[PDB]
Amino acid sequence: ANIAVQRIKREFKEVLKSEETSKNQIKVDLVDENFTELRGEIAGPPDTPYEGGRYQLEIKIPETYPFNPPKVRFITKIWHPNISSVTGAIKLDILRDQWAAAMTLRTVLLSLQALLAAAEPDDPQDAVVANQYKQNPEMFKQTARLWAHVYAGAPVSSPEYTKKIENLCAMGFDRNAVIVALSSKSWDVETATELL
């Protein structure tokens, strides 16, 4: 608790004030008194499979914060080539390799929304969704819309996938497990149940 967390307080306030007057997209809540863990929430960008969804994030802040970016992770499950589908890790240049002082919390959440709006499958975190994004973009869009509706509270769903997921849950399986098994195995119901 050194005087560079004055900056984390200023940036917390900057996020909270920019939220009301300028938007409603991003949001941050406190977790600890000493300003080292926060709960962020970004809104699904429009004209993407994530539109209509609100995705939550955990942000841990290092003791050197103005330098050496924070550690950000996805709490709610997302289907993105640059976000791990199980761990929630984020492959973003500003989180590992190209962070800079004079970057804000708000800057990071806006950049994460921009990432959700423009992925990069050539520097991927999850290889399966990256391969699906390159080889079958339409099925990827539908699958990420499915994940949005299932986890991030997005409104609408594709019934063709829902019937498959219901038919597999009828076997006495786990909804999240069969979702990842269907999404990873190209939604082949026949080979997804073979994943045991």
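Numbering starts at 1 and runs along the sequence shown.
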Higher average CA B factor in the deposited record is what I'm after, so tell me if that's 22-30 or 144-152.
-> 22-30
Of 72-80 and 118-126, the one with larger mean CA B-factor | 118-126
Comparing residue 192 with the other modelled residues of its chain, is its CA B-factor in the lowest, middle or highest third?
-> highest
Report the third (lowest, middle or highest) to which the CA temperature factor of residue 158 belongs, ranking only the modelled residues of the same chain.
-> highest
Modelled-residue ranking by C-alpha temperature factor, third containing residue 63 = middle
If you rank every modelled residue in this chain by C-alpha B factor, which third holds residue 185: lowest, middle or highest?
-> highest
Taking the entry's C-alpha B-factors for this chain, is residue 13 in the lowest, middle or highest third?
-> middle
